[PDB]
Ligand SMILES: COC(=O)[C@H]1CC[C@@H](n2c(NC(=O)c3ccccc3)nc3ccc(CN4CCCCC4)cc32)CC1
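Have a look below at one chain only, the form deposited without this ligand, in structure tokens format.
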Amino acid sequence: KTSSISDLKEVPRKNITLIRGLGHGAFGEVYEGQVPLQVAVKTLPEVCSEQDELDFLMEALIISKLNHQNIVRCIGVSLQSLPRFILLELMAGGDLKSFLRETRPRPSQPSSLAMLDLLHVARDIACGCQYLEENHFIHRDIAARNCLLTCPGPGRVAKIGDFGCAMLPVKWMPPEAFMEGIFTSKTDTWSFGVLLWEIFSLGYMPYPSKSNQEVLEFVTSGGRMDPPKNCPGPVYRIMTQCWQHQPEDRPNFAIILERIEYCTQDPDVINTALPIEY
């Protein structure tokens, strides 16, 4: 069951001010705004399908139903004025993939990021995924590009963001999703493993030098990514487990969370140095 419209907090359009843009979303743009409350503002184009009107509504109902610290909050909507708005928790840290690429250790900044930083992002997202799984939501697009950070700094929190064939994220998909269009919580588990690789590679594209079709054939045949540079064995082990061919053999997120937490306890894991790009 979805939220009802009455469940949505409609904010008076006058209380809402757009401060500046943040890019073009899938449908419409996204802005930084304020209602004093900082918000991200997703807009629906006034020129749109009756279908888009439905899609936009159903987005608000869905995200509004979710209540977890590691999932981006829906603060409210403004659907009674045009153009229509969905108001989201503002995430000043931006997306995880960009952050990892921007913040890679360099000779000038050898300690811009530690292994513990990566483990904490992994734990954050695993926690949100466990919440999705226990509440029977399937995300379908778990990937570093869809995780957001509260800030760049040391106390950053990572959260799962937007839930909106050549478009299919095949490099993040298990074979049953690939081949059969089957999606389950075990689907997201596989994707989470690719996310782990993204994280510990410090923001590389999965399956370096392979195209979508090349990855499809590689994975179907049992091929899997090698460990990222300097990746601790316990972390790589978690990856390979999420990439078991049969979904029944992949861990649920409860188990994944426990294994990540155990990794953070291991001094040998967290004291591992990250590679420095030359």
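All residue numbers are counted from 1 along the displayed sequence.
A second form of this protein, the form deposited with this ligand bound, is not displayed here; the remarks below concern that form.
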{"item": "4.5 Å heavy atom contact with this ligand in the deposited bound form for all of 23, 72 and 95", "value": "yes"}
{"item": "Non-hydrogen atom contact residue 35 with this ligand in the deposited bound form at 4.5 angstroms", "value": "no"}
{"item": "Contact label in the deposited bound form: residue 161 to this ligand, heavy atom within 4.5 Å", "value": "yes"}
{"item": "Residue 114 within 4.5 Å of this ligand in the deposited bound form, heavy atoms", "value": "no"}
{"item": "Contact of residue 216 with this ligand in the deposited bound form (heavy atom, 4.5 Å)", "value": "no"}
{"item": "In the deposited bound form, the residue from 177, 194, 121, 88 that sits within 4.5 Å of this ligand by heavy atoms", "value": "88"}
{"item": "In the deposited bound form, residues of 125-153 near this ligand [heavy atom within 4.5 Å]", "value": "145, 148"}
